[PDB]
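Structure record follows, encoded as structure tokens.
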Amino acid sequence: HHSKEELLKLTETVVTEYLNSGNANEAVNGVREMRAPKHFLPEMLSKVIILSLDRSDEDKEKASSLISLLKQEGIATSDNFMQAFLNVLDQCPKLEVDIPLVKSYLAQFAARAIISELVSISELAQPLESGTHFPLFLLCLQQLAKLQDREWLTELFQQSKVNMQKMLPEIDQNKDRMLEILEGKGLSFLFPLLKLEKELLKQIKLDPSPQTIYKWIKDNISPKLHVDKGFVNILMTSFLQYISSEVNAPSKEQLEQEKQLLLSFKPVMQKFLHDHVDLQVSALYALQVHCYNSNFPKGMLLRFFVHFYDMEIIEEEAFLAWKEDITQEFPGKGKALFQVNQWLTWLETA
């Protein structure tokens with residue numbers, strides 16, 4: 001016959017003493033002596049969170065530890081934590097009035113609960129989709145990275161299968177805006193190829209020295225992504241965009257400049273492409289799309305094929321594999337094949 005207010009008052013005492021002593025044994029004892037009904041469990045947990053919110057970072061850590069302990073002891077469940085967490089989230093506007101940093105603080109609780117296996121990233125994404133509470137979801141990610149590491153967070157985020165763009169407010173739901181927001185939260189590391197796509201051409205223009213470009217890639221892209229087909233697409237596309245922006249049937253002078261520019265970038269291209277037929281195919285697709293965007297100017301695609309072959313950027317087998325590859329992810333394959341088919345036949349038959 002115990003009321004809601006009695007049990008909340010009892011909860012408050014347990015919290016005050018745990019924050020003082022860090023008594024795992026006595027906190028559990030306190031909660032057990034409460035003999036709280038199962039229906040009060042979520043209310044108890046949300047009280048634990050709210051009592052701690054406007055206290056120190058250290059007291060917040062202690063409150064999260066208490067929650068985890070109650071689950072470990074079978075006093076409450078992951079489901080009870082989720083109920084409780086959602087109940088606090090719903091009060092976010094009210095709490096923010098008196099606790100201006102409440103979102104950042106709530107993000108601390110979410111991060112620690114995920115770490116202790118009380119809630120998943122994929123679950124957390126559900127009530128937060130489309131920028132609910134926003135930037136709360138991103139602040140949870142911030143805290144995860146800080147408490148663990150970027151490699152851990154990157155793979156957990158990958159495992160969650162959450163679509164990051166879908167987590168943004170609707171008016172922000174665009175790849176370019178997404179990158180702006182993530183960079184501002186210190187979360188750019190989650191989308192390195194998107195960041196590459198937006199920055200690489202700018203970087204080449206800034207300092208086109210082959211050594212600088214290579215070192216920039218080494219610094220900003222993982223060795224594993226160096227062998228990723230998407231990376232190669234962006235790499236090649238960026239070089240080609242640079243070349244054509246500087247060089248523009250063309251004059252003898254334009255053709256020579258174009259060749260000299262390629263000759264300067266060749267060692268960088270070779271460093272990533274050598275001994276990777278699949279990547280060399282992806283590089284040909286990048287070339288295909290590049291020429292496609294200029295309506296396949298007379299002889300352009302073919303002259304680049306010839307350069308790629310002669311400069312040992314692309315080996316014979318990749319040219320033939322490109323022709324055979326069935327992808328329709330890239331426009332202009334039929335028009336592309338029309339231009340280069342005789343040259344390819346020549347490689348095979350002459």
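Residue numbers start at 1 in each chain; chains themselves are named A, B, ... in the order of the structure tokens; ligands are numbered from 1 in the order shown.
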Give one line per residue of range 43-119 of chain A that approaches range 148-165 of chain A to at most 12 Å, naming the two atoms of the closest pair and their distance in Å to one decimal, counting only C-alpha atoms; sort by chain then ascending residue number and deliver it as a Markdown table.
```
| residue | atom | partner | partner_atom | distance |
| --- | --- | --- | --- | --- |
| A:111 | CA | A:148 | CA | 9.6 |
| A:112 | CA | A:148 | CA | 10.0 |
| A:114 | CA | A:156 | CA | 10.2 |
| A:115 | CA | A:148 | CA | 8.6 |
| A:116 | CA | A:148 | CA | 11.9 |
| A:119 | CA | A:160 | CA | 11.6 |
```
Output for the residues just chosen: N, CA, C and O atoms as a JSON list (two decimals), in the first residue's frame:
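Contents of the output file selection-v6.json:
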```json
[["chain", "number", "residue", "atom", "x", "y", "z"],
["A", 111, "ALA", "N", 25.05, 7.25, -23.61],
["A", 111, "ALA", "CA", 26.36, 6.65, -23.94],
["A", 111, "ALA", "C", 26.73, 5.55, -22.97],
["A", 111, "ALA", "O", 27.07, 4.44, -23.37],
["A", 112, "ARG", "N", 26.62, 5.85, -21.68],
["A", 112, "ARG", "CA", 26.95, 4.86, -20.66],
["A", 112, "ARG", "C", 26.00, 3.67, -20.65],
["A", 112, "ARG", "O", 26.44, 2.54, -20.38],
["A", 114, "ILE", "N", 24.52, 2.42, -23.30],
["A", 114, "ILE", "CA", 24.85, 1.66, -24.49],
["A", 114, "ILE", "C", 26.08, 0.81, -24.18],
["A", 114, "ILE", "O", 26.11, -0.39, -24.47],
["A", 115, "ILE", "N", 27.07, 1.45, -23.56],
["A", 115, "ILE", "CA", 28.31, 0.78, -23.18],
["A", 115, "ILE", "C", 28.01, -0.39, -22.25],
["A", 115, "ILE", "O", 28.59, -1.47, -22.42],
["A", 116, "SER", "N", 27.09, -0.20, -21.30],
["A", 116, "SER", "CA", 26.71, -1.26, -20.37],
["A", 116, "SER", "C", 25.63, -2.21, -20.92],
["A", 116, "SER", "O", 25.12, -3.07, -20.20],
["A", 119, "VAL", "N", 20.81, -0.44, -23.70],
["A", 119, "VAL", "CA", 20.11, 0.04, -24.89],
["A", 119, "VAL", "C", 21.12, 0.02, -26.02],
["A", 119, "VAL", "O", 22.32, 0.15, -25.78]]
```
Exercise. With a distance cut-off of 10 Å and only C-alpha atoms, select the neighbouring residues of residue 259 in chain A, excluding the residue or stretch itself and same-chain residues fewer than 6 positions from it, and output the selection as a PyMOL selection string.
Key: chain A and resi 243+247+253+265+303-304+307+311
Restricting the output to C-alpha atoms, write the selected residues as a PDB file, in the first residue's frame.
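Contents of again_11.pdb, freshly written:
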```pdb
ATOM      1  CA  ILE A 243      43.175  18.259 -65.152  1.00  0.00           C
ATOM      2  CA  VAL A 247      43.395  22.231 -69.668  1.00  0.00           C
ATOM      3  CA  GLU A 253      49.087  22.440 -76.715  1.00  0.00           C
ATOM      4  CA  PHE A 265      49.972  12.837 -60.956  1.00  0.00           C
ATOM      5  CA  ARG A 303      43.118   9.351 -75.398  1.00  0.00           C
ATOM      6  CA  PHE A 304      42.845   8.860 -71.630  1.00  0.00           C
ATOM      7  CA  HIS A 307      47.555   7.410 -71.509  1.00  0.00           C
ATOM      8  CA  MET A 311      51.858   5.273 -68.174  1.00  0.00           C
TER       9      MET A 311
END
```
Quiz prompt | Distance of CA of residue 7 in chain A from CA of residue 36 in chain A, expressed in Å to one decimal place | solution =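 Result for CA of residue 36 in chain A versus CA of residue 7 in chain A: 7.0 Å, one decimal.
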Quiz item: What gap, in Å, lies between CA of residue 246 in chain A and CA of residue 343 in chain A?
Solution: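 Taking CA of residue 246 in chain A as the start and CA of residue 343 in chain A as the end point, the length is 27.3 Å.
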Quiz item: Any idea what the distance is between CA of residue 201 in chain A and CA of residue 238 in chain A?
Solution: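 Going from CA of residue 201 in chain A over to CA of residue 238 in chain A covers 5.1 Å.
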